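K.L.:
Dropping a structure here in C-alpha cells format, bear with me for questions.
FYI, it's all coordinate maths here, none of it is from the lab. As a convention, Cβ positions derive from the backbone with ideal geometry for all residues, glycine included, and neighbour counts pool all protein chains shown.
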Amino acid sequence: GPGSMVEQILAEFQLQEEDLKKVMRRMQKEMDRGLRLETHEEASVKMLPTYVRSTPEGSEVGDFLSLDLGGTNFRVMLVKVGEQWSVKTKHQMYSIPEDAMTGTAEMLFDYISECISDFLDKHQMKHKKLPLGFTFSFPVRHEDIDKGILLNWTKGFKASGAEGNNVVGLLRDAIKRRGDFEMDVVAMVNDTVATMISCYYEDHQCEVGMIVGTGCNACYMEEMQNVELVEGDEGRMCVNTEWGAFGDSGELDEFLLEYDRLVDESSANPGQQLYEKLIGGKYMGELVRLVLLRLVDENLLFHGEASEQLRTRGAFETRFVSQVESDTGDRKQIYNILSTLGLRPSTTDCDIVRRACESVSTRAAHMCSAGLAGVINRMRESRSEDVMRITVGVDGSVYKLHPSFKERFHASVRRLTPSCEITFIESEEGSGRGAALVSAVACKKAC
Ligand SMILES: COc1ccc2nc(NC(=O)[C@H](CC3CCCC3)c3ccc(S(=O)(=O)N4CCN(C)CC4)cc3)sc2n1
Ligand SMILES: OC[C@H]1O[C@H](O)[C@H](O)[C@@H](O)[C@@H]1O
Ligand code: NA
C-alpha cells in the first residue's frame, strides 16, 4: 500500500515465537489426525505407515543394489556389506530424459531398467541375481515393505499411469520387459526413511529422517499402538508424515502471504503441498523473485525497472538465493547473479537483494523448525526420560548447500524443544545407501 519501505515489506516474512509455537501445535494436531483410523482419509498430513519396523534382530553381509528416484535424476548404487560390519559403496548418476518427464510411467521405468542393466554390466554384476532397495521420493500408500501405490506426484513431476499404481510393480514389470537379467526388489522406501536408516546405521539414536531439498518432508519412528492403520501394538514402525501437505486443509491460512498464493496459483499442483511451498528449494527462488518484483513495482529496487529474465517464472533459481547469501560483503557473489539476469544493479540494489533472500530463507528455516519441533515433542511424550536424546538425519540441497539455513533451523528447533538433547546428522548419500541397508535386514529377515 502507501508509504511502502524495504524493511516494512521484508518484515512481512517474520514469524514470532508465538507464531512458531502455534504452527507447531497445529502440526501435532494434524499428525494425530493422520494416524487415527477415523480421520485418516480427510487428514492433510497423511502419516503413512512404511512397514519398516524396529524389531528385526539380525542382518547379513552381501552385495545389495539401490535405486534412488527423485523428480529430476536418479542414481544407482552397489553397496557391499562385509566384516564389525564394513560398508563400501559405488554409484552412478543418471538423468531422466524428456520423453519421460512428460511420458508414461512405463517409459520412465524402461529407461531406469536400461540404466540398471548397464550399471550391472559395467560392474560385472550380471551373473548373480541381486536384491534391490528402492528409494522413491513421492507420497506412497504402502501395503507392505515392498509394495506401495503412488498417491500423487509432487514437486511438479509428472508421468501418466503412475498415480494409483503399485510403484514396485512398475519397476518389476520394466525389469521384466528387459528380460536380460533378474532382480528381486525387496523394499521400497521414501527418501526421508532411507535417510533416517543410513544415519541410524552410524548412530542408533537416529529415529527421525528429514529432507529439505527440492521438497520438504519428515519421517520418524512411532509406537505401533499409535499406528492405527496397521494391526499390532508391539515395537515401533517408521511413519512417512508427508508433512509437505500440511496447510492443505487451511491450517496455515493466517500465515500465507500474497507471494505464497501466487507461487501456489501458478504451480503444477494448486492447493497442494502448501507447507512445502514455504520451504522447498523448488519454490524458494520463485518466492524471492516475486518479492524482488514487488520491490521494483514500488520503485524501491533497480530504480523500478526489472529485466526480461527477472520477469519470467523460474528465472530466479534457489541456487541463486544460496549464492547471494554466501556474499563476503563485497557484493561480488550477488553481482554475479544479478548481472547474469540482465540487470545493471547498484551496490545498494545488491544489498537489498541479499536482505530479501535472507527474509525468505529465514522464514523457510523457521517454518521448517516448527514442524520438526512438533515431531520431536510428540515423540518425547512416549518416553519416560527427563531429557530425550534423539538424533535427526537430514539430507537435501537447501539444508546442505544454503549458507546459513542449517544454523537458523537448528537454533529455532532447539528453542522449541526443551528437555530434548538433539543431534543433527547431515547425511551423505543416505537416500541411496539407506535403501541398500534396509534390504540387507529385509533379506536376512526373510531368511
Ligand atoms: C522382510 O520384510 C520386512 C518386514 C519388516 C522389516 N523391518 C525392517 N527394519 C529394518 O530393517 C531396521 C529399521 C531401523 C529403523 C530405526 C529402527 C530400526 C534396520 C535395522 C538396522 C539397520 S543398520 O543398522 O543400518 N544395518 C544394515 C546393515 N546390516 C549389515 C547391519 C545393520 C537398518 C535397518 S526390515 C523388514 N523387512
Ligand atoms: O524429497 C523430499 C520430499 O518431497 C515431497 O514432499 C514428497 O512428496 C515426499 O515424498 C519427499 O519426501
Ligand atoms: Na498398530
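K.L.:
Around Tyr399, under 10 Å between beta carbons, what's the net of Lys plus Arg minus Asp minus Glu among the other residues? Walk me through the intermediate numbers first.
P.N.:
Numbers: positive: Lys400, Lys406; negative: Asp395, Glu426.
Here the count lands on 0.
K.L.:
Also, quick follow-up: So for each of 215-222, 346-353, 202-209 I average, over its residues, the number of other beta carbons within 10 Å; can you give me the resulting order with the highest mean first?
P.N.:
Values: 215-222: 27.4, 346-353: 17.5, 202-209: 19.4.
Result, highest mean Cβ count within 10 Å first: 215-222, 202-209, 346-353.
K.L.:
I've got another one for you. Find out how many positive minus negative residues lie around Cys219, taking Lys and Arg as positive, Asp and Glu as negative, among other residues whose Cβ is under 11 Å from that of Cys219.
P.N.:
In short, -4.
K.L.:
By average Cβ neighbour count within 10 Å, what is the ranking of 431-442, 382-393 from highest down? Walk me through the intermediate numbers first.
P.N.:
Numbers: 431-442: 27.1, 382-393: 15.1.
Most protected by this proxy first, the peptides run 431-442, 382-393.
K.L.:
When the helix-only estimate is applied to the chain (DSSP H runs of n ≥ 4, each -39,500 (n - 2.57), divided by the residue count), what is the mean residue ellipticity at 222 nm, nearest 500 deg cm²/dmol?
P.N.:
Values: 14 runs with 176 residues, N = 447.
It comes out at -12500 deg cm²/dmol, rounded to the nearest 500.
K.L.:
Under 27 Å from the Cα of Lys176, which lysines turn up, not counting those fewer than eight places away in the same chain?
P.N.:
The reachable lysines, counting only those whose Cα sits under 27 Å from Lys176, are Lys80, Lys90, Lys122, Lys126, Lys128, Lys129, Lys147, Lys158, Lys444, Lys445.
K.L.:
Under a point spin-label approximation (7 Å from Cα along Cα-to-Cβ), what is the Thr39-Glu17 distance to one decimal in nm?
P.N.:
2.8
K.L.:
May I pose another question? Output needed: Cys residues of the chain lacking any neighbouring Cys C-beta below 4.7 Å, sorted by number.
P.N.:
By the Cβ distance rule, which asks for a partner under 4.7 Å, the isolated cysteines are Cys115, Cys216, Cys219, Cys238, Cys350, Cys357, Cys368, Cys420, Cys443, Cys447.
K.L.:
While we're looking at this one, here's another question. Can you run phi through the Karplus equation (6.51, -1.76, 1.60; θ = phi - 60°) for the range 25-34 and list ³J(HN,Hα) in whole Hz, with x for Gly and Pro?
P.N.:
So the J values, rounded to whole Hz, are 5, 5, 5, 5, 5, 5, 5, 4, 5, x.
K.L.:
Relative contact order for the range 149-231: what percent, with Cα pairs under 8 Å and sequence separation of 6 or more?
P.N.:
Working: 65 pairs, mean separation 14.8, N = 83.
Relative contact order comes out at 18 percent.
K.L.:
Also, I was wondering about something else. As a test, work out the antiparallel percent of DSSP beta bridges whose residues both lie in the range 133-273, rounded to the nearest 5. Mind showing how you got there, number by number?
P.N.:
On the way: 15 of 19 bridges.
That works out to approximately 80 percent antiparallel.
K.L.:
Collect residues whose amide H, placed 1.01 Å from N in the peptide plane, falls under 5 Å from the amide H of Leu130; neighbours closer than 5 in sequence don't count.
P.N.:
Result for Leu130 returns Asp184.
K.L.:
Quick one: of the DSSP bridges fully inside the chain, what percent are antiparallel, nearest 5? Each step should come with its number before you reach the end.
P.N.:
Working: 36 of 61 bridges.
Roughly 60 percent of the beta bridges in the chain run antiparallel, per DSSP.
K.L.:
Apply 1/(1 + (r/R0)^6) to the Cβ-Cβ distance of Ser346 and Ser266, taking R0 = 25 Å, and write down the FRET efficiency to the nearest 0.05. Spell out each step's value before the answer.
P.N.:
Numbers: r = 30 Å, r/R0 = 1.19.
Once the sixth-power term is evaluated, E becomes 0.25.
K.L.:
If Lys and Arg each add +1 and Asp and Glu each add -1, what is the summed charge of the other residues whose beta carbon sits under 9 Å from the beta carbon of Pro139?
P.N.:
+1
K.L.:
So, one more: Can you tell me the order of 226-235, 321-330, 137-146 when each peptide is scored by its average per-residue count of other Cβ atoms within 10 angstrom, highest first?
P.N.:
Top of the packing list down: 137-146, 321-330, 226-235.
K.L.:
Quick one: 3J(HN,Hα) in Hz for the range 368-381, Karplus 6.51/-1.76/1.60 with θ = phi - 60°, rounded, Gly and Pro as x.
P.N.:
Result, rounded to whole Hz: 4, 5, 5, x, 4, 4, x, 5, 5, 5, 4, 3, 4, 7.
K.L.:
Using 1/(1 + (r/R0)^6) with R0 = 35 angstrom and r between the beta carbons of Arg141 and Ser404, what's the FRET efficiency to the nearest 0.05? Working shown, then result.
P.N.:
Numbers: r = 37 Å, r/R0 = 1.05.
Plugging the Cβ-Cβ distance into 1/(1 + (r/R0)^6) gives 0.40.
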